[PDB]
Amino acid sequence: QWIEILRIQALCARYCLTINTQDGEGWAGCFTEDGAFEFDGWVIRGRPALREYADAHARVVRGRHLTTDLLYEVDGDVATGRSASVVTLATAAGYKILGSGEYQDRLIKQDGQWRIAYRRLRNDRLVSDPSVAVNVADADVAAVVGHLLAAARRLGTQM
């Protein structure tokens, strides 16, 4: 059980290190063949689309994905859990916070290896206006947010 927790930590680390090094093949490889990444409600399903998403991401983003606060429950070859996500971005005005939120994950151990079946990212909203996109409020950041959202719209479907 403890070893599985360390394996899941390693998976989360590889998810960040692959996307942050523009390794879209490796990023998609963190998911099951038919796995999904959901953000801002758009569900991007399957390695082919996931790889396209990472490629689009690579064109417009440099920064760090930080995954911390990992809390997973494992039963046999399935696990679910949550973790905190903070994403930085390199801008001409310095390093800014592109994203802050929570991953909600369903993981599957298939033939020896943990992979992401479903990862939902929920980004934090204003307490007083859960309609406002906080990630577009700063202008440097806003253009990048636009590109990522556009990629999700071209590659996913909204539920």
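All residue numbers refer to positions in the sequence shown, first residue = 1.
Student: Higher average CA B factor in the deposited record is what I'm after, so tell me if that's 126-134 or 41-49.
Tutor: It is 126-134.
Student: Output the stretch having the higher mean C-alpha B factor in the entry; the candidates are 86-94 and 106-114.
Tutor: According to the entry, 106-114 carries the higher average C-alpha B-factor.
Student: Once the chain's modelled residues are ordered by C-alpha B factor and cut into thirds, is residue 59 in the lowest, middle or highest one?
Tutor: According to the entry, residue 59 has a C-alpha B-factor in the chain's highest third.
Student: Using the B-factor values recorded in the entry, state whether the Cα atom of residue 74 falls in the lowest, middle or highest third among the modelled residues of its chain.
Tutor: Highest third, going by the recorded CA B-factors of the chain.
Student: Taking the entry's C-alpha B-factors for this chain, is residue 150 in the lowest, middle or highest third?
Tutor: According to the entry, residue 150 has a C-alpha B-factor in the chain's lowest third.
Student: Lowest, middle or highest third: where is residue 6 by Cα B-factor in its chain?
Tutor: CA B-factor rank for residue 6: middle third.
Student: Divide the modelled residues of the chain into thirds by Cα B-factor and specify which third, lowest, middle or highest, holds residue 16.
Tutor: For residue 16, the deposited C-alpha B-factor lands in the lowest third.
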